[PDB]
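Sequence lines set the chain letters: A, B, ... in the order given, protein chains first and strands last, and positions in each chain run from 1.
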Amino acid sequence: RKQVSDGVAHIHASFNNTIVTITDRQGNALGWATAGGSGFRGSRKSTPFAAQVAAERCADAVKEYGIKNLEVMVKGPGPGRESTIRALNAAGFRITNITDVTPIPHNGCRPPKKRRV
Amino acid sequence: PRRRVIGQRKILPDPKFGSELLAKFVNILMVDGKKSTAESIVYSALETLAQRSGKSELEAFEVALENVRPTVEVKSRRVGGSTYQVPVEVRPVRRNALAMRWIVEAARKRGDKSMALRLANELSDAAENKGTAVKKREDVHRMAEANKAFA
Amino acid sequence: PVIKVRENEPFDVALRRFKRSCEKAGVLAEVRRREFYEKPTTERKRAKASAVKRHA
RNA sequence: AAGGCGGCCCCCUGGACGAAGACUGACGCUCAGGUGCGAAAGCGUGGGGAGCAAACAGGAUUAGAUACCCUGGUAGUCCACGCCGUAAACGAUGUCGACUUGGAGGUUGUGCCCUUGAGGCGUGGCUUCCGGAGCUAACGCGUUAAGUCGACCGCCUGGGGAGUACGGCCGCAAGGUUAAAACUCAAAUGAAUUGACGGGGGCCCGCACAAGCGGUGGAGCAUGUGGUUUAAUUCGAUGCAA
RNA sequence: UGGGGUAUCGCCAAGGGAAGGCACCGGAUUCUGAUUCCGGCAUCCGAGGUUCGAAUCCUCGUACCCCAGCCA
RNA sequence: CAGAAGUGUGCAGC
Ligand SMILES: *C(=O)[C@@H](N)CCC(N)=O
Ligand SMILES: [K+]
Ligand SMILES: [K+]
Ligand SMILES: [K+]
Ligand SMILES: [K+]
Ligand SMILES: [K+]
Ligand SMILES: [K+]
Ligand SMILES: [K+]
Ligand SMILES: [K+]
Ligand SMILES: [K+]
Ligand SMILES: [K+]
Ligand SMILES: [Mg+2]
Ligand SMILES: [Mg+2]
Ligand SMILES: [Mg+2]
Ligand SMILES: [Mg+2]
Ligand SMILES: [Mg+2]
Ligand SMILES: [Mg+2]
Ligand SMILES: [Mg+2]
Ligand SMILES: [Mg+2]
Ligand SMILES: [Mg+2]
Ligand SMILES: [Mg+2]
Ligand SMILES: [Mg+2]
Ligand SMILES: [Mg+2]
Ligand SMILES: [Mg+2]
Ligand SMILES: [Mg+2]
Ligand SMILES: [Mg+2]
Ligand SMILES: [Mg+2]
């Protein structure tokens, strides 16, 4: 189906999971994969290896569109914030730009109370 | 030990084929210090494996051992509140030790009419990439790759 | 933090630059700081103790 | 002044400090009773309600778990105008004045020197850290005194009972404030010292663990013990260390 | 009376050439554990028709819920 | 990630 020359990889990396979404330059999602959906649950769900596997499955998902160049936008603090980028490179996409888009409040709303574990 | 590191004790090569590896195999099959009994069993098994295979004794033994030596093992690694199985690249001397131990313990529990014949059968199966020693190697590799996420 | 990969720039050099850039910007530290609330008394206590330990 | 005060801009407004004089001429200090201000929570009436979150519900954890953790969630948190008047409201240190070796810094004025600078030397305000004499039970304080003195005020008189009862005042209420006695004990307490301990930190040993080999717990029997039995089943050993 | 579901591993749940989980069992891991990982026997409500073969298509037998019928 | 409790009372070393 419709060819796309280049797109953005959005990496959303929390402490609990990693989601990799490919989208066209305009933000229409073309495909996605997640660490939790790749068969890793619990402690393994948030490891850089599981994020690597998620990125690989996402790259395998967009093979229809034939994308060759992409931009990487990384969000959040979790592990696998970087290993996904290595995996995307190994998949053969030309990583053109890298950017961090993590939301920063200028104070803003009150966060939750601290855990007394 | 926590203070020391130990230099290896001197082994003597097997008197008939000149192999220290076969000497280790004998030393593992040996029970109660009955060295000569183990030697007789090993020689009978090796000659019957040789005539089955159309190979020299040490050649058949080596090609069997190749099929069962593991490449990785799983080791318990502690963390400040948890323990994880982690795969570790086992070194060659421990590879040989493991393969010989697995062959011997697999043969020991076979039903065949004599230990020499049990051993010959188990070495044939190992060379044929089959049976209990091989499934032992296999499931070790399965566990390692199942834990690969923590490596 | 933004990185433009130059022509003939090795990808792993681009990763090195990205890592150093985002570290220098303090983004990860700022994210870790904001995940839980901290009473103003606790903020002042930690500041005071940090200053108190900054002595030779 | 204390409680406190943090994007930017405007309007109204208080205090502090420095230079140089001029002016009044003891007009000062402290303060019972009194009066004002006074975090958060809370209360009244009317608004607003993103996020967070008492109460509450469900899931876990556990012997239980009316908690800690997770998913939700109401008052409240915000605004206007009233009330409340308490906090580890702490420098656990009342206000004011004088005197007494130093060092390193911060912040904000100001004088002089070729101003040559990212410079030198002086003179005020406030503030952080060391430390001398001296003081202190000790810890420590140390020109911002807990040093040497003066004025005035507040407060204490063994630990519980008790900052409680009763009465008075105040408050819509919660409660605040003032404030006992009977009874009971021979102590309660502060600082520091030597040990021991810590699900505190660092370092280091031992078949301690790990890596291996062979056993015990199952069977029969030998032998010791417990219990029971008997006229007696002699006595002793009883975690490791019977 | 008609239509549509449901009856498949001990329990919960997929399939014109019987899978997954939860149990149970063996092994690996842990100071005990709890928690994790590898391996394991595994079983279409029912009679017939079709066909090399239907959990599976085609008629019937059975059992229980939904909706709509029903003037001895 | 879980891990609770330890009956009363004494005597030398001047
Ligand atoms: C039975 O129903 C008879 N009595 C009447 C007939 C009818 N009404 O259908
Ligand atoms: K002003
Ligand atoms: K007064
Ligand atoms: K919440
Ligand atoms: K318990
Ligand atoms: K609410
Ligand atoms: K008394
Ligand atoms: K009220
Ligand atoms: K002392
Ligand atoms: K035994
Ligand atoms: K025994
Ligand atoms: Mg309030
Ligand atoms: Mg209100
Ligand atoms: Mg209201
Ligand atoms: Mg909660
Ligand atoms: Mg008070
Ligand atoms: Mg006080
Ligand atoms: Mg001092
Ligand atoms: Mg004084
Ligand atoms: Mg008294
Ligand atoms: Mg009272
Ligand atoms: Mg009263
Ligand atoms: Mg051991
Ligand atoms: Mg026994
Ligand atoms: Mg017994
Ligand atoms: Mg008790
Ligand atoms: Mg006691």
**Complete:** Checking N1-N3 plus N6-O4 or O6-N4 for Watson-Crick, or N1-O2 and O6-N3 for wobble, each under 3.5 Å, the partner of D/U62 is none
**Asked** Given the cut-offs of 5.5 Å for six-ring centres and 30° for planes, are D/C69 and D/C70 stacked?
**Response** yes
**Message:** Applying the 3.5 Å rule to both hydrogen-bond distances, is there a Watson-Crick or wobble pair between D/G218 and D/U230?
**Reply:** no
**Prompt:** Between E/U29 atom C1' and B/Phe150 atom CZ, what is the distance in whole Å?
**Reply:** 12 Å
**Asked** According to a 3.5 Å cut-off on both distances, are D/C81 and D/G122 Watson-Crick or G-U wobble paired?
**Response** no
**Message:** Mind checking if A/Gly42 touches a base, just sugar-phosphate, or nothing, with heavy atoms under 4.0 Å?
**Reply:** nothing
**Message:** I'd like to know if D/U164 and D/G111 make a pair - Watson-Crick or G-U wobble, with both distances under 3.5 Å.
**Reply:** no
**Item:** Side-chain cluster (under 4.5 Å, hydrophobic types only) that B/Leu21 belongs to, other residues
**Value:** B/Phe17, B/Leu22, B/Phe25, B/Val26, B/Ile28, B/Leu29, B/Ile41, B/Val42, B/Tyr43, B/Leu46, B/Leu49, B/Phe61, B/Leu65, B/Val68, B/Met100, B/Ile103, B/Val104, B/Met115, B/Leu119, B/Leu123, B/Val134
**Asked** Base rings of D/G220 and D/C221 under 5.5 Å apart and under 30° in plane angle?
**Response** yes
**Request:** Please check the phosphate of E/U30 (OP1 and OP2 only) for any side-chain N or O of B/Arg78 closer than 4.0 Å.
**Result:** no
**Cation-pi geometry met for B/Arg77 and B/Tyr84 (6.0 Å, 45°)** = no
Enumerate all atom pairs, one protein N or O and one N or O from nucleotides 203-207 of chain D, separated by less than 3.5 Å.
unit_1: D/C205; atom_1: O3'; unit_2: B/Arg3; atom_2: NE; d: 3.2
unit_1: D/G206; atom_1: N7; unit_2: B/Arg2; atom_2: NH1; d: 2.5
unit_1: D/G206; atom_1: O6; unit_2: B/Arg2; atom_2: NH1; d: 3.1

**Message:** Tell me the interatomic distance from B/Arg142, atom CZ, to E/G27, atom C1', rounded to whole angstroms.
**Reply:** 15 Å
Between the protein and nucleotides 213-216 of chain D, are there any N/O to N/O pairs under 3.5 Å, and if so, what are the atom names and distances?
none

**Message:** Whether B/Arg118 and B/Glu122 form a salt bridge (side-chain N of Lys/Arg under 4.0 Å from carboxylate O of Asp/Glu) is what I want to check.
**Reply:** no
**Message:** Just checking: do D/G51 and D/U77 form a pair, Watson-Crick or wobble, with both of the defining distances under 3.5 Å?
**Reply:** yes
**Request:** Write down the distance between CD (C/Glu35) and P (D/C52), rounded to a whole number of angstrom.
**Result:** 14 Å
**Asked** Between C/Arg34 (CZ) and D/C52 (P), how many Å, whole number?
**Response** 15 Å
**Request:** Check whether the six-membered base rings of D/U229 and D/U230 have centres under 5.5 Å apart and planes under 30 degrees from each other.
**Result:** yes
**Asked** Can you check side-chain contact (heavy atoms from CB on, under 4.5 Å) on C/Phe11 and A/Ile85, steps first, answer last?
**Response** CA-CA 10 Å; C/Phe11 164 75; A/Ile85 316 183; 3.8 Å; yes
**Prompt:** Counting only Watson-Crick or G-U wobble pairs whose two distances fall under 3.5 Å, which nucleotide matches D/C149?
**Reply:** D/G97
**Asked** Is there stacking between D/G91 and D/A92, using centres under 5.5 angstrom and an angle under 30 degrees?
**Response** no
**Request:** Take atom CZ of B/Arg110 as the centre, draw a 6.0 Å sphere, and report whether it contains more than 12 heavy atoms from other residues, nucleotides or ligands.
**Result:** yes
**Message:** Any base atoms under 4.0 Å from B/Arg94, or only sugar-phosphate, or nothing? Heavy atoms, all strands.
**Reply:** sugar-phosphate
**Request:** Output yes when C/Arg33 and C/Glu38 qualify as a salt bridge under the 4.0 Å nitrogen-oxygen rule, no when they do not.
**Result:** no
**Asked** With both distances under 3.5 angstrom, what nucleotide forms a Watson-Crick or G-U wobble pair with D/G117?
**Response** none
Look for any protein N or O under 3.5 Å of an N or O in nucleotides 67-72 of chain D and output each such pair with its distance, or none.
unit_1: D/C68; atom_1: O2'; unit_2: A/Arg116; atom_2: O; d: 2.6
unit_1: D/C69; atom_1: OP1; unit_2: A/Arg116; atom_2: N; d: 3.0
unit_1: D/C69; atom_1: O3'; unit_2: A/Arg115; atom_2: NE; d: 3.1
unit_1: D/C69; atom_1: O3'; unit_2: A/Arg115; atom_2: NH2; d: 3.3
unit_1: D/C69; atom_1: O2'; unit_2: A/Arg115; atom_2: NH2; d: 3.2
unit_1: D/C70; atom_1: OP1; unit_2: A/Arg115; atom_2: NE; d: 3.1

For nucleotides 1-4 of chain D, which of its nitrogen or oxygen atoms have a protein nitrogen or oxygen under 3.5 Å away, and what is each distance?
none

**Complete:** Taken in chain and number order and not counting sequence neighbours, the residues that satisfy side chain to side chain donor-acceptor pair (under 3.5 Å) with A/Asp60 are none
**Request:** Answer yes if D/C183 and D/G160 form a Watson-Crick or G-U wobble pair with both distances under 3.5 Å, and no otherwise.
**Result:** yes
**Request:** Can you figure out if D/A186 has a north or south sugar, judging by whether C1'-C2'-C3'-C4' is positive or negative?
**Result:** south
**Request:** Would you confirm whether the neighbouring bases D/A53 and D/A54 count as stacked, given the thresholds of 5.5 angstrom between ring centres and 30 degrees between planes?
**Result:** no
**Item:** Two-distance pair test E/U59 E/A47, Watson-Crick or wobble, each under 3.5 Å
**Value:** yes
**Request:** State whether B/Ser76 places a side-chain N or O below 4.0 Å from either non-bridging phosphate oxygen (OP1 or OP2) of E/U30.
**Result:** yes
**Asked** If we only count Watson-Crick and G-U wobble pairs whose two distances fall under 3.5 Å, is D/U144 paired to D/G102?
**Response** no
